[PDB]
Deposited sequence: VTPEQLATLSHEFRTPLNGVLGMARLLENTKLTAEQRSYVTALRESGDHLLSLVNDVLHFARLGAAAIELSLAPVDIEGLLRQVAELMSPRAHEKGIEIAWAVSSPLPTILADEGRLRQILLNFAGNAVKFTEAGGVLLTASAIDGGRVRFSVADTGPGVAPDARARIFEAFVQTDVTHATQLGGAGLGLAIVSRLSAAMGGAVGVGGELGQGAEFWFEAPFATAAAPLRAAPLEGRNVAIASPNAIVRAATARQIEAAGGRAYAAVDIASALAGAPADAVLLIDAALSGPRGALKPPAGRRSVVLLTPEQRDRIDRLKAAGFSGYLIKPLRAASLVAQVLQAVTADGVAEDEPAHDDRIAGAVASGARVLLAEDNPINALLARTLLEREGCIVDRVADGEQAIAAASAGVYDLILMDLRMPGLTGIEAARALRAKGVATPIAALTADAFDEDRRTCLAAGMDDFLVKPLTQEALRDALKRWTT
């Protein structure tokens, strides 16, 4: 209706809503029972769901209520596709589909709004993982003429009827909770002077696309460190074949993808290196590195504890899916040394993205050091406000908050984020905690931080 009118509308939905969740919090941090914990669980779920409908609806409304103002910055696109693929990776693997990204050429470093751009790709990507039962999802980006970039999310789902393709970018249009995820993309599009559309074919799949005039910051520096070298993919999955190919050729390699351990060999150069999907495992997890060939197994993070058996069988190494082009390159260049992927490093988890609020650089260092040793990707900020700045703009799985930090108190920094809408869990560090909770903080940790404390938290808030 108006922006002033909405700013207080939000306060009035949110305030009682945070009220509910603060209460649910406190309750569960008190001895309860069968049923009497049954209830406080099923309440925090109904509450959490409603909060995401409310943020969705207010997000939508605040985007048609003013101009919007972008905070333009240099972003690494390959790094962005990867972050999104890696956030979606858990949803996809638990339905038994694949998520992967590739670029065909090096693209430029770009001047865009990282957070808003990511929001578009998450909307397309989530949709894709929700709607496909069969192959998987491919994130793609390619430069076009006019200083323009074009992002693709392709999926082996059931596709979109030809005439239904205008409909679905409108508010509260569904398949038959909000039905706003695309409406929100339609309005971030126009704010970047972009367009968005959809293709594919009914019953084969859907491609969702975004095409935005952008500012370049950089020469797409063109280092091809796989010049010469040859690489075979054996995977029965279409997405791992397509993406893994393009990732090779982006590093200046030649790629032979095959459905089969036996086909790969059949049509690939003899000096070629063999990438083999563990989806080809026969009974007992039988996977034979074909006699007298350099071979790398492609595992999902869950398949991590197979890595020892498959190195004894004579695989020279492993890659984790979705494939990082950087770790891909490091492994092929063992046609002759790289660190263990952070996603199987965890003592429990896969790689939780973590925001660290600590103002002492050296205490941050020691926290970061135990964090990255349970596979966490960690961002650090000095004070309680440029935390808020970076806990909206950001996307993260946990938030570690100092309390006696200057700028803003830990407690009023929590409160601030909880009242701003964002739902990410928050653990406090220090050496009067019942207000902490109700204020909107989920856990407490004894500072200085410790291996075994940090594990508890990683297992509790990342699964």
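Visitor: Enumerate the deposited-sequence segments absent from the coordinates, judged by C-alpha atoms, in order of position.
Guide: Unobserved in coordinates, per deposited numbering: 177-184, 345-352, 448-452.
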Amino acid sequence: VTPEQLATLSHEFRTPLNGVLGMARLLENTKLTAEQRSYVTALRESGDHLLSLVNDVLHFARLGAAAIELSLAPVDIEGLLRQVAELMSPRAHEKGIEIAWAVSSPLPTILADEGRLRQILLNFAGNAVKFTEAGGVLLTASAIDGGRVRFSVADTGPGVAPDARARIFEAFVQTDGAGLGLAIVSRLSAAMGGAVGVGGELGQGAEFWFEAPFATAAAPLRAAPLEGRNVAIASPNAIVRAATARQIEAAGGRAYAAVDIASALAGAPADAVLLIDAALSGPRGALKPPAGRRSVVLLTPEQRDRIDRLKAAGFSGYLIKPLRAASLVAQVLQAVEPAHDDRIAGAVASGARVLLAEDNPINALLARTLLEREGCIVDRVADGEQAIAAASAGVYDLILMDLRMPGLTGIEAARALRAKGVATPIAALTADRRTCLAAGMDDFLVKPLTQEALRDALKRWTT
From here on, numbers count along this sequence of modelled residues.
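Visitor: Using only C-alpha atoms and the B-factors in the entry, which stretch averages higher, 154-162 or 346-354?
Guide: Higher mean C-alpha B-factor in the PDB entry: 346-354.
Visitor: Would you determine, from the values in the PDB entry, which of 378-386 and 237-245 has the greater average C-alpha temperature factor?
Guide: Result of the comparison: 378-386.
Visitor: According to the Cα B-factor stored in this entry, which of the following is highest: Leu43, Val57, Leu51, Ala413?
Guide: Within the set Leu43, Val57, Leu51, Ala413, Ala413 shows the top C-alpha B-factor.
Visitor: Out of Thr132, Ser186, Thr216, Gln83, whose C-alpha atom has the biggest B factor in the entry?
Guide: Out of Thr132, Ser186, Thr216, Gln83, the record gives the largest C-alpha B-factor to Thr216.
Visitor: Pull the Cα B-factor of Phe172 out of the PDB entry and bin it into the chain's lowest, middle or highest third.
Guide: Its C-alpha B-factor, which the entry lists for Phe172, ranks in the highest third among residues of this chain.
Visitor: Against its chain's modelled residues, does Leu139's Cα B factor rank lowest, middle or highest third?
Guide: Lowest third.
Visitor: Using the temperature factors of the C-alpha atoms in this entry, rank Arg254 within its chain: lowest, middle or highest third.
Guide: For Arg254, the deposited C-alpha B-factor lands in the middle third.
Visitor: Quick check for you: using the entry's CA B-factors within this chain, is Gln451 in the lowest, middle or highest third?
Guide: Highest third, going by the recorded CA B-factors of the chain.
Visitor: Could you look up the Cα B-factor of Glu302 in the entry and say which third of the chain it sits in: lowest, middle or highest?
Guide: Within its chain, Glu302 is a middle-third residue by C-alpha B-factor, going by the deposited values.
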